[PDB]
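Here we start with a single chain on its own, the form deposited in one PDB entry, put down as C-alpha coordinates.
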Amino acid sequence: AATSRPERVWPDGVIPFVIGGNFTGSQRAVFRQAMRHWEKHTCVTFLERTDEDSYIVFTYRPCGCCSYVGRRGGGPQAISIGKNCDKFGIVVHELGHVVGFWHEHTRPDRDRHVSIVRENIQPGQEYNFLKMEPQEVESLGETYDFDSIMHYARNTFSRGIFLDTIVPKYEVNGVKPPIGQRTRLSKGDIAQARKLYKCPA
(Lines give C-alpha, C1' and ligand atoms only; values in the text may rest on other atoms or scores of the structure.)
Protein backbone atom coordinates (compact mmCIF):
# COMPACT_ATOMS: atom_id res chain seq x y z
CA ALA A 1 0.00 0.00 0.00
CA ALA A 2 2.57 2.56 -1.18
CA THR A 3 1.32 6.14 -1.39
CA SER A 4 0.52 7.39 -4.90
CA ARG A 5 1.21 10.99 -3.87
CA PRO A 6 4.60 12.18 -5.25
CA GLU A 7 4.79 14.97 -2.62
CA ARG A 8 4.77 12.33 0.17
CA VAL A 9 7.98 10.70 -1.10
CA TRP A 10 10.90 12.13 0.93
CA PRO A 11 13.30 13.95 -1.50
CA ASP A 12 16.42 11.82 -2.22
CA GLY A 13 15.27 9.34 0.48
CA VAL A 14 16.55 11.73 3.19
CA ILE A 15 14.48 11.67 6.40
CA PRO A 16 15.63 14.01 9.18
CA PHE A 17 14.63 12.90 12.71
CA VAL A 18 14.36 14.11 16.29
CA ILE A 19 13.97 11.74 19.25
CA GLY A 20 11.64 13.35 21.79
CA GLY A 21 11.99 13.42 25.56
CA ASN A 22 10.63 10.73 27.91
CA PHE A 23 12.44 7.86 26.15
CA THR A 24 15.10 5.78 27.90
CA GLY A 25 18.56 5.23 26.43
CA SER A 26 17.48 1.68 25.59
CA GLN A 27 14.42 2.93 23.67
CA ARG A 28 16.49 5.58 21.86
CA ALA A 29 18.91 2.87 20.68
CA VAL A 30 16.05 0.70 19.36
CA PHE A 31 14.80 3.70 17.33
CA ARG A 32 18.28 4.05 15.86
CA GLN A 33 18.45 0.33 15.07
CA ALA A 34 15.03 0.31 13.39
CA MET A 35 16.11 3.24 11.22
CA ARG A 36 19.41 1.47 10.42
CA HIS A 37 17.46 -1.65 9.38
CA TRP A 38 15.63 0.47 6.77
CA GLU A 39 18.96 2.00 5.68
CA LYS A 40 20.74 -1.35 5.21
CA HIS A 41 18.28 -2.70 2.62
CA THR A 42 17.21 0.53 0.80
CA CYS A 43 18.54 3.94 -0.32
CA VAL A 44 16.55 5.70 2.44
CA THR A 45 18.75 7.55 4.98
CA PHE A 46 17.89 8.94 8.42
CA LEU A 47 19.74 12.04 9.62
CA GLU A 48 19.67 13.98 12.90
CA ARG A 49 17.59 17.09 12.20
CA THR A 50 19.33 20.49 12.35
CA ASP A 51 17.38 23.19 10.45
CA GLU A 52 15.19 21.17 8.03
CA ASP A 53 11.55 22.34 7.85
CA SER A 54 10.24 18.78 7.39
CA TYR A 55 11.25 15.98 9.77
CA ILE A 56 9.94 13.15 11.96
CA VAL A 57 9.60 13.33 15.74
CA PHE A 58 9.67 10.14 17.83
CA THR A 59 6.81 11.19 20.10
CA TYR A 60 6.08 9.50 23.42
CA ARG A 61 2.34 8.82 23.67
CA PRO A 62 0.04 5.81 24.22
CA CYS A 63 0.03 3.25 21.42
CA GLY A 64 -2.46 4.05 18.66
CA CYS A 65 -3.04 7.33 16.89
CA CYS A 66 -1.00 8.32 14.94
CA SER A 67 2.09 8.07 12.73
CA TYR A 68 2.03 10.17 9.56
CA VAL A 69 2.30 8.31 6.23
CA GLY A 70 5.03 9.72 3.96
CA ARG A 71 6.41 13.27 4.06
CA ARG A 72 3.86 15.71 5.48
CA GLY A 73 5.85 18.78 4.42
CA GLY A 74 5.94 22.34 5.79
CA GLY A 75 6.67 21.21 9.37
CA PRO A 76 7.25 18.26 11.74
CA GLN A 77 5.27 15.02 11.90
CA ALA A 78 4.85 12.35 14.54
CA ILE A 79 6.02 8.79 14.66
CA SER A 80 4.23 7.80 17.87
CA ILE A 81 5.69 5.28 20.34
CA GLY A 82 4.43 4.15 23.75
CA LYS A 83 5.29 1.57 26.42
CA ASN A 84 3.44 -1.30 24.66
CA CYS A 85 4.74 -0.60 21.12
CA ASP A 86 8.43 0.26 21.48
CA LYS A 87 10.01 -3.00 20.24
CA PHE A 88 12.25 -3.01 17.16
CA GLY A 89 9.76 -4.66 14.77
CA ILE A 90 6.94 -2.29 15.72
CA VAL A 91 9.23 0.71 15.17
CA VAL A 92 10.23 -0.77 11.77
CA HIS A 93 6.48 -0.96 10.94
CA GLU A 94 5.88 2.63 12.02
CA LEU A 95 8.90 3.72 9.96
CA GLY A 96 7.11 1.99 7.08
CA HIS A 97 4.41 4.64 7.52
CA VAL A 98 7.08 7.37 7.60
CA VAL A 99 8.59 6.26 4.27
CA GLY A 100 5.12 6.20 2.64
CA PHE A 101 3.33 2.89 3.25
CA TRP A 102 -0.23 2.38 4.45
CA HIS A 103 -1.27 -0.98 5.91
CA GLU A 104 -0.93 -3.83 3.39
CA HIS A 105 -4.49 -5.09 3.92
CA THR A 106 -5.86 -1.70 2.74
CA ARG A 107 -4.48 -2.12 -0.81
CA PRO A 108 -7.17 -1.51 -3.44
CA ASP A 109 -6.61 -5.10 -4.70
CA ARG A 110 -6.72 -6.69 -1.23
CA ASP A 111 -10.02 -8.56 -1.73
CA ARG A 112 -8.24 -10.90 -4.16
CA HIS A 113 -5.80 -11.87 -1.37
CA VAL A 114 -7.54 -11.73 2.03
CA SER A 115 -11.02 -12.13 3.46
CA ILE A 116 -12.11 -9.71 6.17
CA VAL A 117 -14.30 -11.42 8.77
CA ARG A 118 -16.46 -8.44 9.74
CA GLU A 119 -18.38 -10.25 12.48
CA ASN A 120 -15.13 -10.71 14.45
CA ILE A 121 -14.00 -7.06 14.39
CA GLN A 122 -14.32 -5.13 17.68
CA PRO A 123 -17.34 -2.82 17.26
CA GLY A 124 -16.12 0.66 16.33
CA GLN A 125 -12.81 -0.54 14.83
CA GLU A 126 -14.21 -1.66 11.45
CA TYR A 127 -12.94 1.53 9.77
CA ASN A 128 -9.37 0.18 10.14
CA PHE A 129 -10.29 -2.46 7.54
CA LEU A 130 -11.50 -0.14 4.75
CA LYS A 131 -9.56 -0.27 1.51
CA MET A 132 -7.67 2.83 0.47
CA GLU A 133 -9.40 4.43 -2.49
CA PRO A 134 -7.63 3.53 -5.78
CA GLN A 135 -6.27 7.06 -6.37
CA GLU A 136 -4.40 6.95 -3.02
CA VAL A 137 -2.18 3.85 -3.57
CA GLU A 138 0.20 2.86 -6.37
CA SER A 139 1.63 -0.61 -5.73
CA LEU A 140 4.39 -0.21 -8.37
CA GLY A 141 3.66 -3.61 -9.98
CA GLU A 142 4.41 -5.42 -6.70
CA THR A 143 2.38 -8.40 -5.55
CA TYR A 144 0.28 -8.35 -2.38
CA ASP A 145 2.77 -9.15 0.39
CA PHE A 146 1.53 -11.42 3.20
CA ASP A 147 4.95 -11.22 4.84
CA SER A 148 5.00 -7.39 4.90
CA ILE A 149 5.95 -5.59 8.11
CA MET A 150 2.85 -3.50 7.25
CA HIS A 151 0.48 -6.50 7.27
CA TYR A 152 -1.99 -6.98 10.15
CA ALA A 153 -1.97 -10.20 12.14
CA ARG A 154 -4.85 -12.66 11.74
CA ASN A 155 -6.67 -11.33 14.84
CA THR A 156 -5.83 -7.61 14.77
CA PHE A 157 -8.75 -5.67 16.28
CA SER A 158 -10.56 -8.96 16.94
CA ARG A 159 -13.25 -9.51 19.56
CA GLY A 160 -11.09 -12.40 20.84
CA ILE A 161 -7.62 -13.82 20.24
CA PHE A 162 -9.04 -17.07 18.76
CA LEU A 163 -11.28 -15.15 16.33
CA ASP A 164 -9.70 -14.13 13.00
CA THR A 165 -10.45 -10.79 11.40
CA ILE A 166 -8.20 -11.43 8.35
CA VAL A 167 -7.84 -14.74 6.49
CA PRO A 168 -5.58 -15.22 3.44
CA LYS A 169 -7.61 -16.59 0.51
CA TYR A 170 -5.12 -19.13 -0.91
CA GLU A 171 -1.99 -21.18 -0.14
CA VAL A 172 1.68 -20.21 -0.67
CA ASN A 173 4.22 -23.09 -0.58
CA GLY A 174 1.38 -25.52 0.23
CA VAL A 175 0.35 -23.65 3.40
CA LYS A 176 -1.74 -20.59 4.23
CA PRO A 177 0.65 -17.60 4.35
CA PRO A 178 1.45 -16.39 7.88
CA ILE A 179 0.58 -12.72 8.38
CA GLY A 180 1.56 -10.11 10.94
CA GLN A 181 5.29 -10.65 11.42
CA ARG A 182 7.08 -7.85 13.28
CA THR A 183 10.61 -9.23 13.01
CA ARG A 184 12.14 -7.60 9.91
CA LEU A 185 11.42 -6.08 6.51
CA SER A 186 10.20 -8.67 4.05
CA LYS A 187 11.65 -9.23 0.61
CA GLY A 188 8.53 -7.47 -0.71
CA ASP A 189 8.88 -4.44 1.59
CA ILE A 190 12.46 -3.94 0.44
CA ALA A 191 11.67 -4.44 -3.26
CA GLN A 192 8.73 -2.03 -3.09
CA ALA A 193 10.57 0.64 -1.05
CA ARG A 194 13.41 0.51 -3.61
CA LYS A 195 10.89 1.13 -6.42
CA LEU A 196 9.19 3.93 -4.46
CA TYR A 197 12.54 5.69 -3.82
CA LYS A 198 14.00 4.81 -7.25
CA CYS A 199 17.07 3.31 -5.58
CA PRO A 200 20.15 2.45 -7.71
CA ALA A 201 20.33 -1.23 -8.79
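Rigid core here is just the name for the largest C-alpha set that superposes within 1.5 Å across the two forms. Note that residue numbering begins at 1 and tracks the sequence as displayed.
- Stretches compared: 88-96, 102-110. Higher mean C-alpha B-factor in the entry: 88-96.
- Stretches 116-124 and 73-81 differ in mean C-alpha B factor, with the higher average recorded for 73-81.
- The entry lists C-alpha B-factors for 171, 164, 145, 133, and the highest of these is at 171.
- Sorting 29, 66, 43, 137 by the CA temperature factor given in the entry leaves 43 at the top.
- In the PDB entry, residue 55 places in the highest third of its chain by CA B-factor.
- Among the modelled residues of the chain, residue 179 sits in the lowest third by CA temperature factor in this PDB entry.
- Among the modelled residues of the chain, residue 47 sits in the highest third by CA temperature factor in this PDB entry.
The same protein also has a form deposited in another entry, omitted here; what follows describes it.
- Superposition on the rigid core between the shown form and the other one places the CA atom of residue 124 2 Å or more away from its counterpart.
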